[PDB]
Each structure stands twice: as structure tokens, then as C-alpha cells.
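Participant: let's see this in three dimensions:
(one chain, ligands or ions: 2)
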Amino acid sequence: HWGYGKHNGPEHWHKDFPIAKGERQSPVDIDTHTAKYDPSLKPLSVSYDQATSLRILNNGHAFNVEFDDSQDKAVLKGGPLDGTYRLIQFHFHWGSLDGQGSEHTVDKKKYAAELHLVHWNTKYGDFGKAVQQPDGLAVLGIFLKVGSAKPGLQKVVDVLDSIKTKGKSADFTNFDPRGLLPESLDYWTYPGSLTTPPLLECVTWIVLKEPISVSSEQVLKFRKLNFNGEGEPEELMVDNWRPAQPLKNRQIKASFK
Ligand SMILES: NS(=O)(=O)c1ccc(CCNC(=O)Cc2ccc(O)c(Cl)c2)cc1
Ligand SMILES: [Zn+2]
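Facilitator: Residues are numbered from 1 along each chain as shown. Ligands and ions are numbered 1, 2, ... in the order given. Okay, here it is:
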């Protein structure tokens, strides 16, 4: 099916998923000098105190740390968001080299990786229904640069050996996602889509200005994962990012000056 190779990559997705050339596709390049400061935006509220992580899965495209979203245990509110959005999972997109890997770019600059904390609007009952709504999801994006290690990410790095191939999963309870956040919550926001098929245009993107630093050794372990399943020829899971798409008729708002 779809992937990140030369024959099934982003350039090919539009054939099976025509929405790939849609009105509000993601990611996009964030031109910092074109974004408009919006004084009406309310403070962003990240409430992850009662977060309940459950499992980590290699789905052949990336790895997901899944949470229990049967109640409002971990939610995102405020900012450009109306209502409550529950955290369902988080994952990353990364490159084969430190100079590439992120999906969104800042003034054309590419980061080593990008973290996506996915949340769904509770007004819609379940994730499946939410992806069919223009304001169904809220994804918090965090850029990762290479430098000093991120203590809060090590627990994720150390379990990757147990889910090397597609389809593999492992118990991953008691993980605190608050350990992956930077100091500042300053952000940029715009209406977009999922960055992978089905590419549904149901996302309110909130991208933080401040990146987090991770060590070369931590990102190197991300690159040892496989796109393939067990017993199959090895294809390293690297460069699983979609490039920037046309902004078209959209405006990016900033929470800061
Ligand atoms: N890179 S990104 O923009 O943050 C991002 C985030 C999340 C997704 C997963 C979307 N999955 C489905 O749509 C399948 C589904 C369909 C019905 C369901 O009930 C359930 Cl649970 C799942 C893709 C990309
Ligand atoms: Zn993503």
C-alpha cells in the first residue's frame, strides 16, 4: 500500500487518496514573518496529570504510544480550541540524518524529528467519528533537535528493541508525556489534515515554537526500527515524513509576538 519509498511515497498518495491535493493539507512551512499574532487566543492548557499510557506499537509507518481515552484523563484545551480534546496517542516522524525528519518546517528549516500528540474532540464521542469533522482533532506538534539528551524520552527509547518490526507491540504503562514538553508553550496554529493517509482534513494544528533537545544516541535508536515485518527483508524505518504542502487559502496564527 502506501509508504515513504520511491514507489509508494507522498508523491503517489493522491492516486488512492485524492484529498492529498485538498484545500487544507498538512504539513506546511511556517513562515514566521507572515504569521499573525492573535490577542484573542486564550492560554493553552495541557492537563496530563491523570494520563494513562497502555501500550507501544510499531504499525509499519511509525510507533505509537497509546493511552486510555475512555475518560478525560489527559486533555488539551484553550488556545484556538473550543471544548475538550482527549489524548489518544503520540508518535514521531524522523529522518535518516540530523538535518531532516520533521514534517512542518520553520522558515524552511527542517528539524531532526517531530513529535505528534494526537487528541480528539470529545463532543464527537469517539476517534472514528472525530476524523470526519473539520474540528475533530487537535494535534500538538513538537520539534526535536539534536543536542543534549531528553531524560523523559529514554523510557521510550529503551523499549524500541522489543517492537523492532511491523505489528509488534509491548506493554507501556505508567509513562508520563509531560516529560516530552519544552518549557514554553508559545505556538503557531492553523487548520490542516492528518499527515498520512487517509489524510482527512479534520485537524487543528498547534505547533510549539520551542523545540526539545534529544541526544544523537536517542535518535539513532529511532533509526534502528524496521518498516518491514519479522522475517522479511530489512528496511530501516527512517524518513517517515511528508514534505511541506501548499498553504493555499489559509492563515497561520501565532500566540506570541
Ligand atoms: N501524523 S498525524 O497527522 O498526527 C496522524 C494522526 C493520527 C493518524 C491515525 C488515523 N487513523 C485512522 O483514521 C484509522 C481509524 C479509523 C477509525 C477509528 O475508530 C480509529 Cl480508532 C482509527 C494519522 C496521522
Ligand atoms: Zn504524525
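
Participant: of all of the stretch 51-200 of the chain, which residue lies closest to ligand 1?
Facilitator: As assessed by CB to the nearest ligand atom, ligand 1 sits closest to residue 128 within the stretch 51-200 of the chain, at 2.7 Å. For the C-beta atoms, the positions are set from N, CA and C on the backbone; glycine is no exception.

Participant: can you pull out the helices in the stretch 1-150 of the chain?
Facilitator: With helices called from DSSP state H, counting those that start in this stretch, the stretch 1-150 of the chain shows them at 127-130.

Participant: can you list the residues of it near ligand 1?
Facilitator: Within the stretch 1-150 of the chain, the positions near ligand 1 by CB under 6 Å from any ligand atom are 116, 118, 127-128, 131, 139.

Participant: what's the farthest-apart pair in these?
Facilitator: Using CB to CB, the pair of these lying farthest apart is 116 and 128, separated by 18.4 Å.

Participant: those two: who's more crowded?
Facilitator: residue 116 (20 against 10; other CB atoms under 10 Å).

Participant: contacts only, for the more buried one.
Facilitator: 90-93, 139-141, 195 (CB atoms under 8 Å, 6 or more residues apart in numbering).

Participant: just checking, which of those residues belong to strands?
Facilitator: The strands, defined by DSSP state E, take in 90-93, 139-141 from those.

Participant: turn the contacts of residue 116 into TSV, columns for neighbour count.
Facilitator: Formatted as TSV, the contacts of residue 116 follow (neighbours: other CB atoms under 10 Å):
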residue	neighbour count
90	23
91	20
92	25
93	26
139	23
140	25
141	21
195	24
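
Participant: may I see these organised as a markdown table, with distance to residue 64 added?
Facilitator: As requested, the contacts of residue 116 are arranged in a markdown table below (distance: CB to CB, whole Å):
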| residue | distance to residue 64 |
| --- | --- |
| 90 | 7 |
| 91 | 5 |
| 92 | 10 |
| 93 | 12 |
| 139 | 13 |
| 140 | 15 |
| 141 | 15 |
| 195 | 14 |
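
Participant: closest one to residue 227 out of the residues you listed, please.
Facilitator: residue 93 (13.1 Å).
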